[PDB]
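J.: Provided below: start_4.cif, containing mmCIF, C-alpha atoms.
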```cif
data_data
#
loop_
_atom_site.label_atom_id
_atom_site.label_comp_id
_atom_site.auth_asym_id
_atom_site.auth_seq_id
_atom_site.Cartn_x
_atom_site.Cartn_y
_atom_site.Cartn_z
CA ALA R 4 -4.42 20.11 224.86
CA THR R 5 -6.33 22.69 222.80
CA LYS R 6 -5.22 26.23 221.96
CA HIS R 7 -7.69 29.08 221.34
CA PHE R 8 -7.08 32.26 219.32
CA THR R 9 -9.54 35.17 219.09
CA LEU R 10 -9.70 37.61 216.17
CA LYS R 11 -11.86 40.74 216.01
CA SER R 12 -14.48 40.54 213.26
CA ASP R 13 -14.44 44.34 212.84
CA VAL R 14 -10.72 44.23 212.01
CA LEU R 15 -11.03 41.35 209.53
CA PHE R 16 -14.19 42.36 207.62
CA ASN R 17 -16.41 45.30 206.64
CA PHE R 18 -20.10 45.29 207.53
CA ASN R 19 -22.34 42.78 205.67
CA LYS R 20 -19.21 41.31 204.03
CA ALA R 21 -16.83 38.38 204.35
CA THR R 22 -13.89 39.62 202.24
CA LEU R 23 -10.74 39.71 204.37
CA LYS R 24 -9.35 43.22 204.71
CA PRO R 25 -5.57 43.78 204.48
CA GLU R 26 -5.49 44.16 208.26
CA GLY R 27 -7.23 40.79 208.53
CA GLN R 28 -4.75 39.13 206.20
CA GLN R 29 -1.86 40.46 208.30
CA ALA R 30 -3.40 39.14 211.53
CA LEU R 31 -3.83 35.73 209.92
CA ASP R 32 -0.24 36.01 208.66
CA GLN R 33 1.06 36.66 212.18
CA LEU R 34 -0.85 33.61 213.40
CA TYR R 35 -0.15 31.15 210.57
CA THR R 36 3.00 29.78 212.21
CA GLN R 37 1.44 29.24 215.64
CA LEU R 38 -1.08 27.11 213.74
CA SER R 39 1.50 25.76 211.30
CA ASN R 40 2.94 23.70 214.18
CA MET R 41 -0.15 21.49 214.34
CA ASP R 42 0.36 17.78 214.84
CA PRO R 43 0.58 16.27 211.33
CA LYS R 44 -1.58 13.29 212.39
CA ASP R 45 -3.68 14.37 215.39
CA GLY R 46 -3.81 18.10 214.65
CA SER R 47 -6.93 19.84 213.44
CA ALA R 48 -8.29 23.37 213.49
CA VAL R 49 -11.87 24.63 213.69
CA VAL R 50 -12.72 28.23 212.76
CA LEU R 51 -15.87 29.45 214.52
CA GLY R 52 -17.59 32.64 213.37
CA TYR R 53 -19.74 34.71 215.73
CA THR R 54 -21.78 37.90 215.48
CA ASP R 55 -23.51 40.18 217.96
CA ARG R 56 -27.27 39.99 218.62
CA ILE R 57 -28.35 42.96 216.46
CA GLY R 58 -30.42 42.13 213.38
CA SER R 59 -31.74 38.94 211.85
CA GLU R 60 -30.72 35.71 213.56
CA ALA R 61 -30.70 33.78 210.26
CA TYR R 62 -28.72 36.47 208.44
CA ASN R 63 -26.18 36.64 211.27
CA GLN R 64 -25.70 32.86 211.23
CA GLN R 65 -25.17 32.92 207.45
CA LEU R 66 -22.78 35.88 207.63
CA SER R 67 -20.77 34.24 210.43
CA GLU R 68 -20.39 31.10 208.32
CA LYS R 69 -19.14 33.07 205.30
CA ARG R 70 -16.66 34.94 207.51
CA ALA R 71 -15.39 31.73 209.13
CA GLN R 72 -14.99 30.10 205.69
CA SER R 73 -13.14 33.17 204.38
CA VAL R 74 -10.61 32.70 207.21
CA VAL R 75 -10.29 29.01 206.30
CA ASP R 76 -9.74 29.90 202.63
CA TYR R 77 -6.88 32.24 203.50
CA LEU R 78 -5.13 29.82 205.87
CA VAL R 79 -5.43 26.96 203.37
CA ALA R 80 -3.94 29.11 200.59
CA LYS R 81 -1.12 29.87 203.06
CA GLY R 82 -0.38 26.17 203.56
CA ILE R 83 -2.68 24.61 206.13
CA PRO R 84 -3.89 21.32 204.55
CA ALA R 85 -7.54 21.57 203.50
CA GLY R 86 -8.32 18.30 205.27
CA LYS R 87 -7.12 19.56 208.67
CA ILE R 88 -9.31 22.70 208.96
CA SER R 89 -13.00 23.61 208.66
CA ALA R 90 -15.46 26.41 209.45
CA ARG R 91 -18.63 26.74 211.53
CA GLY R 92 -20.98 29.72 211.63
CA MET R 93 -22.46 30.17 215.11
CA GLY R 94 -24.22 33.52 214.56
CA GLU R 95 -25.49 35.22 217.71
CA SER R 96 -25.19 32.08 219.83
CA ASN R 97 -22.77 31.75 222.74
CA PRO R 98 -22.24 35.50 223.27
CA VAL R 99 -19.27 36.75 225.26
CA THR R 100 -20.99 39.76 226.83
CA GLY R 101 -23.91 38.00 228.53
CA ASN R 102 -26.44 40.52 229.85
CA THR R 103 -23.80 43.28 230.24
CA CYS R 104 -25.23 45.50 227.49
CA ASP R 105 -28.94 44.92 228.25
CA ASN R 106 -29.41 48.49 229.54
CA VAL R 107 -27.46 50.16 226.69
CA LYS R 108 -30.00 51.64 224.26
CA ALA R 109 -28.19 54.14 222.02
CA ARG R 110 -26.89 52.42 218.90
CA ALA R 111 -23.30 53.68 218.84
CA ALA R 112 -22.74 52.87 222.52
CA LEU R 113 -24.48 49.53 222.06
CA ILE R 114 -22.29 48.64 219.05
CA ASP R 115 -19.19 49.32 221.19
CA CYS R 116 -20.51 47.34 224.18
CA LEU R 117 -21.24 44.28 222.00
CA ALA R 118 -17.88 44.36 220.19
CA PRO R 119 -16.49 41.37 222.18
CA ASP R 120 -19.26 39.25 220.62
CA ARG R 121 -18.09 40.04 217.05
CA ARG R 122 -15.20 37.67 216.67
CA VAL R 123 -13.71 34.68 214.89
CA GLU R 124 -12.43 31.90 217.16
CA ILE R 125 -9.78 29.42 216.00
CA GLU R 126 -9.48 26.23 218.06
CA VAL R 127 -6.41 24.05 217.41
CA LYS R 128 -6.44 20.52 218.85
CA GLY R 129 -3.16 18.60 218.99
#
```
Could you render the structure as structure tokens?
T.:
Amino acid sequence: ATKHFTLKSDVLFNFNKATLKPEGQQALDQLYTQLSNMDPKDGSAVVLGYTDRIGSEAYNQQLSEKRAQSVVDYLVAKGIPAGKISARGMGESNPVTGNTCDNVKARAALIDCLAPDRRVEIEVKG
């Protein structure tokens, strides 16, 4: 089977940036063992980066890739083998919130409503 772990982008990173904050390092610390128990032969992990739909679609794809790779870098330095993990930047695609926030116009309320879309997903197979 496949396990799925969701991390909040706003906790891990500051805006426009892909440097892991101390709070992001601690969340990856608390998760490193649940991913440390991968299968040594069949196990692999994919780190998918996502953004919300505000701004440039190309810039959001690029930023999501840098954020997903930053997570990979940290977990590899912790001890996940570099050959068993990789990153993918999905940008605005595959949003969690659907059309829920369509009617929300004010920026602060909209930012809050779209927060579920700003996340890093870690899928662990085997």
J.: Tell me which protein, DNA and RNA residues are within 8 Å of range 12-25 of chain R, counting only C-alpha atoms, leaving out same-chain ones fewer than 3 positions away, and put them as number ranges by chain.
T.: R: 28-29, 66, 69-70, 73-74, 121-123
J.: Please indicate the distance in Å from CA of residue 116 in chain R to CA of residue 98 in chain R, rounded to one decimal place.
T.: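 Separation between CA of residue 116 in chain R and CA of residue 98 in chain R: 12.0 Å.
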J.: Could you tell me which residues the PyMOL selection byres ((chain R and resi 55-63) around 10) grabs in this file, written as a list in words?
T.: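 Output from the PyMOL selection byres ((chain R and resi 55-63) around 10), applied to this file: residues 19, 52, 53, 54, 64, 65, 66, 67, 68, 69, 92, 93, 94, 95, 96, 97, 98, 99, 100, 110, 113, 114, 116, 117, 118, 119, 120, 121 and 122 of chain R.
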J.: Could you state the separation of CA of residue 6 in chain R and CA of residue 51 in chain R in Å, given to one decimal place?
T.: 13.4 Å
J.: Choose the residue, out of R:112, R:76, R:105, R:128, that has the smallest atom-to-atom separation from residue 47 in chain R; count all atoms listed in the file.
T.: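 Closest to residue 47 in chain R, using all atoms listed in the file: R:128.
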J.: For the structure provided, state which residues fall under the PyMOL selection byres ((chain R and resi 49) around 7), and present them as a ChimeraX atom specification.
T.: /R:47-48,50-51,88-90,125-127
J.: Enter the distance from CA of residue 26 in chain R to CA of residue 41 in chain R, in Å, rounded to one decimal.
T.: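 Computing it gives 24.1 Å between the two atoms.
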J.: Check which residues satisfy the PyMOL selection byres ((chain R and resi 84) around 12) in the file shown, then give them as a count of residues only.
T.: 23
